[PDB]
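Both backbone and side-chain heavy atoms feed into the values below; hydrogens, waters and symmetry mates do not. Each residue takes its place number in the sequence, starting with 1.
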Amino acid sequence: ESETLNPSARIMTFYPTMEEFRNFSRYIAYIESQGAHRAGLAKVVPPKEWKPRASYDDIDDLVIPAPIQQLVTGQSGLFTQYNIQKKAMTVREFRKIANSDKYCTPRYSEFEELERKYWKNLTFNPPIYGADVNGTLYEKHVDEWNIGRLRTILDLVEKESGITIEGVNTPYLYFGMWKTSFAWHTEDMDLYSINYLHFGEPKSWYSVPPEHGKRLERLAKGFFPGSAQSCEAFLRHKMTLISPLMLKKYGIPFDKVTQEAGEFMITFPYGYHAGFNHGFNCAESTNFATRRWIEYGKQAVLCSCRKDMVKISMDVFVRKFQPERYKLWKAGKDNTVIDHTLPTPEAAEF
Ligand SMILES: Cc1cc(C(=O)Nc2ccc(O)c(-c3cc(C(=O)O)ccn3)c2)no1
Ligand SMILES: [Mn+2]
Ligand SMILES: [Zn+2]
């Protein structure tokens, strides 16, 4: 049944009506009923009717406390990205650097050309990413798909423990410029994420189906044996860039999509993704959960080499949503096997 929906596991694109767009968790359940999760990544174009903010003219004063310069080293489609923290600057100052002759987008025709220049010049002229800025650009009254308050069961973490985790159950803003990158990764605790491109040049994405995630990890461990030996989940460092030609050379299934201003991207549990920005832009994102995520959370393989890494206690989720398995799980005897093709239980009504 689920196997027969999106059998190619390609990235799907949805055009919800305003009525479908009102209930967040419901529409996520719907696109899962259509097999969208199999790609690991889906695009959602909101109704033309909709807008999270009337104007972005008031934000050039917004502070980016920790701009990051992205040093990239490597060759032959394999790279490691090193972050050099720069001193705080305003959106105004960032935009100026971004559009400057030194850092601005190169001219090009088709997307494949711009993509080629990305992989050829990755290691040159390291750009600056205005990443991980705590905040939201949603107007306080927007009640549809509000990244600040999506109301999924991820809310159980703060509700139960008072714990907030920046960018995970709070919103992050990302100011891009040409050739700024996000490395191959799944989300913390293998959660969902939502990404909204407020304004500016596009953001291009690569994705690998969850059902082939393990194959990507095996490749990554082979190419980086030192890193694999020091950490049980070194891709969570988010420093590892791998070109689509390299994935193609080693038989890893993957898809590409380009995100335009005003569009949503949804990543799904255990969905590996990576990509880059085309030029000056701004994105807002956070994580979220569904009932399906819980098993993923229970089995997520975490970074073993850093204290300050993100770790959510699964206990409250197993008690409340899997009470019959709690004893078994707590005694380490819960051998549930994840089927990456099945849609979340909330999808029943479709
Ligand atoms: C140092 C340091 C920290 C990070 C990081 O946490 N990055 C991160 C953490 C979680 C994510 O989901 C994404 C991410 C970022 C984007 C994007 O930048 O557009 C798109 C998709 N995923 C990126 N990268 O370098
Ligand atoms: Mn991500
Ligand atoms: Zn680690």
Side-chain angles (χ1 to χ4, degrees), residues 6 8-12 31-32 35-43 72 74 77-81 115 118-119 122 131 167-168 174 180-195 203-224 227-228 231-259 264-277 283 285-290 292-293 295-297 299-304 309-310 338-342:
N6 197 9
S8 59
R10 291 216 67 187
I11 297 174
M12 298 179 68
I31 74 181
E32 294 212 343
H37 52 290
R38 297 194 73 185
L41 181 62
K43 174 188 298 187
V72 187
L78 300 161
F79 309 90
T80 298
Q81 184 181 258
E115 182 179 32
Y118 168 76
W119 291 107
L122 190 55
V168 171
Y174 297 87
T180 51
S181 322
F182 48 106
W184 283 99
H185 71 289
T186 65
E187 304 303 300
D188 291 309
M189 297 296 293
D190 290 346
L191 280 158
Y192 297 70
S193 60
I194 173 167
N195 184 293
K203 182 191 299 275
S204 289
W205 295 66
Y206 302 98
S207 191
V208 165
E211 57 197 84
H212 299 293
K214 286 293 167 189
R215 288 226 265 147
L216 180 60
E217 297 181 352
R218 188 162 253 270
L219 184 65
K221 293 175 187 182
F223 275 138
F224 301 95
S227 302
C231 184
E232 301 182 339
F234 77 90
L235 288 181
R236 302 212 183 259
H237 306 165
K238 299 171 191 86
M239 300 171 68
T240 307
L241 306 179
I242 303 173
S243 82
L245 289 183
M246 261 297 192
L247 294 193
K248 235 189 150 189
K249 243 179 200 189
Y250 288 93
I252 312 295
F254 74 96
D255 204 357
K256 338 174 163 180
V257 67
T258 294
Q259 181 192 16
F264 280 99
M265 299 302 303
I266 302 295
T267 75
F268 296 85
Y270 203 58
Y272 277 99
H273 46 285
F276 60 94
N277 297 305
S285 76
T286 200
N287 295 121
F288 70 95
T290 64
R292 187 168 71 83
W293 162 77
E295 193 57 45
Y296 285 95
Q299 291 178 39
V301 174
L302 306 185
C303 167
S304 58
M309 287 310 230
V310 174
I338 296 183
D339 179 343
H340 297 288
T341 74
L342 305 169

* To do: Considering non-hydrogen atoms only, spot the tightest contact between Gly40 and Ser207 and give its length.
  => C-OG, 3.8 Å
* Output, in order, the C-alpha distance, side-chain angles, deciding distance and verdict of ring pair (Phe, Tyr, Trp, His ring centres under 6.0 Å) for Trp293 and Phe288. => CA-CA 9 Å; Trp293 162 77; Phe288 70 95; over 10 Å; no
* Asked: Taking the side chain as C-beta and beyond, is there a heavy-atom pair between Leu219 and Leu247 under 4.5 Å?
  -> yes
* Is there side-chain contact between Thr286 and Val168, with at least one heavy-atom pair below 4.5 Å? -> no
* Asked: Hey, are the side chains of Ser204 and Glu115 touching, using non-hydrogen atoms and a 4.5 Å cut-off?
  -> no
* Over 60° means perpendicular and under 30° means parallel, so classify the ring planes of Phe276 and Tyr118, tilted if in between. => parallel
* **Distance, nearest 0.5 Å, that separates CD of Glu32 from CE of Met12** => 11.5 Å
* To do: Look at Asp339 together with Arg292 and state whether they make a salt bridge at an N to O cut-off of under 4.0 Å.
  => no
* From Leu216 atom CG to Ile252 atom CD1, the distance as rounded to the nearest 0.5 Å -> 6.0 Å
* To do: Could I get the full list of side-chain contact (heavy atoms from CB on, under 4.5 Å) partners for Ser227, not counting sequence neighbours?
  => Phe224, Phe234
* Structure fact -> Minimal heavy-atom distance between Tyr192 and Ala289, with the atoms involved, is CD1-CA, 4.0 Å
* To do: Using atom types as modelled and distance alone, determine if a side-chain donor or acceptor of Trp119 lies under 3.5 Å from a backbone N or O of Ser243.
  => no
* Asked: How far apart are the closest heavy atoms of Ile31 and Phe268, and which atoms are they?
  -> CD1-CZ, 3.7 Å
* Taking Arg236 for the side chain and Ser304 for the main chain, is one N or O donor matched with an acceptor at less than 3.5 Å? -> no
* Reference residue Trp205; test side-chain contact (heavy atoms from CB on, under 4.5 Å); the match among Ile11, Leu41, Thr258, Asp255 -> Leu41
* Asked: Would you say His37's side chain and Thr341's backbone share a donor-acceptor pair under 3.5 angstrom?
  -> yes
* Apply side-chain hydrogen bond (donor to acceptor under 3.5 Å, both in side chains) to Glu187 and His273, showing your working. => CA-CA 9 Å; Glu187 304 303 300; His273 46 285; 2.7 Å; yes
* Asked: For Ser8, which residues count as a side-chain contact (heavy atoms from CB on, under 4.5 Å) partner, sequence neighbours excluded?
  -> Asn6, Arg10
* Asked: Rounded to the nearest 0.5 Å, what separation is found between the OH atom of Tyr250 and the CD1 atom of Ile242?
  -> 11.0 Å
* To do: Please lay out, stage by stage, how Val301 and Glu217 fare under the test side-chain contact (heavy atoms from CB on, under 4.5 Å).
  => CA-CA 11 Å; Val301 174; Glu217 297 181 352; over 6 Å; no
* Asked: About how many Å separate CG of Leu235 and NZ of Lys221, when rounded to the nearest 0.5 Å?
  -> 9.0 Å
* Search all heavy atoms of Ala283 against all heavy atoms of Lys203 and return the closest pair with its distance. => CB-CE, 3.9 Å
* **Atom of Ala233, atom of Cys303 and distance for their closest heavy-atom approach** => CB-N, 3.7 Å
* Okay, side chain of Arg215, backbone of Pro253: is any donor-acceptor separation there less than 3.5 Å? -> no
* How far apart are the closest heavy atoms of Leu78 and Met246, and which atoms are they? -> CD1-CE, 3.9 Å
* Asked: Has the side chain of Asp190 got a donor or acceptor atom that lies under 3.5 Å from a matching backbone atom of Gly297?
  -> no
* Between the main-chain N or O of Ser193 and the side-chain N or O of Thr267, is there a donor-acceptor pair closer than 3.5 Å? -> yes
* To do: Find the distance between NZ (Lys248) and CZ (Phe254) and round it off to the nearest 0.5 Å.
  => 7.0 Å
* Structure fact -> Distance col, row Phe264:CZ vs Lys43:NZ, nearest 0.5 angstrom, shows 13.5 Å
* Answer yes or no: is there a side-chain heavy-atom contact under 4.5 Å between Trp184 and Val208? => yes
* Quick one: side-chain contact (heavy atoms from CB on, under 4.5 Å) partners of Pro210, sequence neighbours excluded? -> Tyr270, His340
* **Side chain proximity check, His237 to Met309, heavy atoms < 4.5 angstrom** => yes
